[PDB]
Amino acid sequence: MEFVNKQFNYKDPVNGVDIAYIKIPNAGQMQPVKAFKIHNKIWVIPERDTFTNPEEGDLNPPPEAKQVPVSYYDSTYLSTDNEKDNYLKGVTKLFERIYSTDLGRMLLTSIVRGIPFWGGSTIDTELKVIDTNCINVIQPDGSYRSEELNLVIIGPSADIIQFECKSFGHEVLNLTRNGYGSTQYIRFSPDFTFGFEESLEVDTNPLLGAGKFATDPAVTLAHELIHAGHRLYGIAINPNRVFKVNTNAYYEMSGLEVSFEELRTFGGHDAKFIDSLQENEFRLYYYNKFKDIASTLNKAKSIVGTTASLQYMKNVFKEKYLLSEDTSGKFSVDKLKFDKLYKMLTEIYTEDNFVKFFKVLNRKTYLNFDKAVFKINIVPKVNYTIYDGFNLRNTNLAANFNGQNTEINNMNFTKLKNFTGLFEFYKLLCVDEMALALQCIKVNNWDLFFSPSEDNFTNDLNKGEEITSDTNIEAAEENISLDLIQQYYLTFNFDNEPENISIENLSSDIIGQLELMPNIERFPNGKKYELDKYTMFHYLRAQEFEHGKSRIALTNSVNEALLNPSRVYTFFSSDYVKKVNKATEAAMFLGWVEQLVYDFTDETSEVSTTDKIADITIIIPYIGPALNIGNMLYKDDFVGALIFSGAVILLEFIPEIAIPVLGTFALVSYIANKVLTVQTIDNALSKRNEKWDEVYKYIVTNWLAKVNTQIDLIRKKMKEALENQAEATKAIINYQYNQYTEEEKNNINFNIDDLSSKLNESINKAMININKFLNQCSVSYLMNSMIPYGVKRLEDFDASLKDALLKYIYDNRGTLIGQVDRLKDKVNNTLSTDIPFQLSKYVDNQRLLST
């Protein structure tokens, strides 16, 4: 009742104020749809989206499959009044959940504030509303009334789980990128969610649930509202600017296509893939675009198309863009204030930050792709609440995110058919049949490796700089934390919103067309690779078995588990395979099962400590035979190979890191001035600290995108490998149990859910170790294989500045008579020592900092 003020029903009578048949900007002529105004500037249309796009009227599956991990198609969805009512209540509920958090409260306020700019006038001294930023509200009497708005929530198009921000474009202006902003139409459904898998939280939660977890749809909505946020303030990054990936190697993906805008919206490490140069380019770009709005507001003389005054309208956009105004009435953009507003919309309003506030399990990267799709019902309070989500307090579902777990909370999630086939998009990995014949496995596109292009990483480190006494000292960029979010919250003006002012009627049908959007080419599909050796993907495939009818499964230690469907590979000792494959009689069964649970824990809990490697203090030897690391199929060979060559042995590809010759400093001399001569020397020295900081940050960015992503995938694959082992073990134990007759009843009394629960527990404990080990390798690599490159490049820069400052001091020794000896020592001391590399300065991730 805080954000949404009325408790709406779909069958409520049309009134023409908050419940009315409306008409939106259209290519042709549309028929009115019943819509609901949940808040000021925010409307909801409980219909399938068939009107915004003239080419999207059909709700059937497209001729071509479409390149997404998970998709769902159902034309019958959102046709019944019951469905539309439940949609309206669902969307309303999620708005309340977003608002109930400190961060969501801020976001929703910023969205209402972000009224699209009145730049539809051809005469540059008049303020006129852009017609596509409005809707026509039809009254009970028959007449219509045009109204300004910021946001519209519509149901999905053909693909039900494809959520996105849409907006209508101008013929000449780029409204979402010029600072103006345009009305946002979000395609969303609260009746479906994504199924994902996570294993990173097991450190804090050892009793974590088994299978797939469900994405809280509030997070999803908040994600789309952030996209709307950027777009309303016209600060959205060009959809052209995509993160280009290498697609030629066998281990690489066939293609991904992720926009910078997407990585920015997520936050975490994902936002840090974008380097300092490109990020500064964007910040300075929208700084000048805001200044253009300030210029147009100073040239504005009269207002047209509304009863409201020019003085009021200028004030609205003053509040929106946080402009400073003189007593003379002139507007300007404050540098420090814009940065506060930009950082907020860019770095504070992120998906990862919302997770903090909701206290829910969620994907930690964008590259943690969805695996399934579930039908949900969040409207009943017994199922979902504004405060707790799925994870209801004082219930079984409170601890370890149990409410989000598909298997424990199975009555809340019904698994649906993924319309993307398991091998719709794939590479084909082949090997010599043991080339007269080949043995080939299909690997799904999203099980492959990222591998970003070098084109995505640009810098101006080579560019020289002229040091003066007036040289600006960059304030240390404070990293995102809850303390900072708290500070923005306290400075926030929550009361007072922009008003719903009466504007003059537009034409009966608003003529509008959606934003152009770049035409993205389809990836090459089904590429074949003929390989000399078995790969990681083969070893992972060998551990898989047909879930269905076929039973008799026998575990073994050779990768010819690929040949026989009854044979499944394992990396556990030969004693484990002998024990599990042993025929057992009813009398011996329970003691045989108890002993297998024991061995399963013992094989997986194996930890070998070391001090020889450095940076890496622990090792997990069975990762070698589990994934074929370095083509050395021995537990002894993995431990030995890791000590010898370090973390690089885990990597699928060696990242290229290009640091150029660092731009030297040039000094500006001032004759007969002792004060400003000392200032320039001091300015050059503290500007060197920024240079060390700049390089360090650049290396952290490359490591975060090229290396840490690889390790991220290996841990996910180890989680899969362990799950495969438990499944195979359960299948064999359950097969033996079903081979008995009537002695199953009382004599045994065996619970498979208990066996599954105990094995899941042992997997979690194994992952605790594995996560700890693989984090060390990622950082180990950063410290010994990536940072040194920058350091010796930086030490050569210190050499150039050393002689530059010593010659400078010498050349001005008549001006600095009494201080020459002192200044000579400071230059010699500070430029001889390296600046210590602190990981906590560039990486906020506190579980990466745990090393």
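Residue numbers run from 1 along the displayed sequence.
Count the deposited residues lacking coordinates between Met434 and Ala435 and you get 10 or more of them.
Legend: mean Cα B-factor per stretch from the PDB entry, 584-592 versus 175-183; the higher mean is in 584-592. For the pair 164-172 and 512-520, the record assigns the higher mean C-alpha temperature factor to 512-520.
Within the listed group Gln67, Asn26, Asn40, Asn784, the record reports its top CA B-factor for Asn26. The PDB entry assigns the greatest CA B-factor among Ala236, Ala372, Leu484, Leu667 to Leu667.
Per-chain ranking of the deposited C-alpha B factor places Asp270 in the lowest third. Among the modelled residues of its chain, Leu94 has a C-alpha B-factor that falls in the lowest third, as given in the PDB entry. When the modelled residues of the chain are ordered by C-alpha B-factor, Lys301 sits in the highest third. Sort the modelled residues of the chain by CA B factor and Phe773 lands in the lowest third. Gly464: CA B factor lies in the highest third for its chain, per the PDB record.
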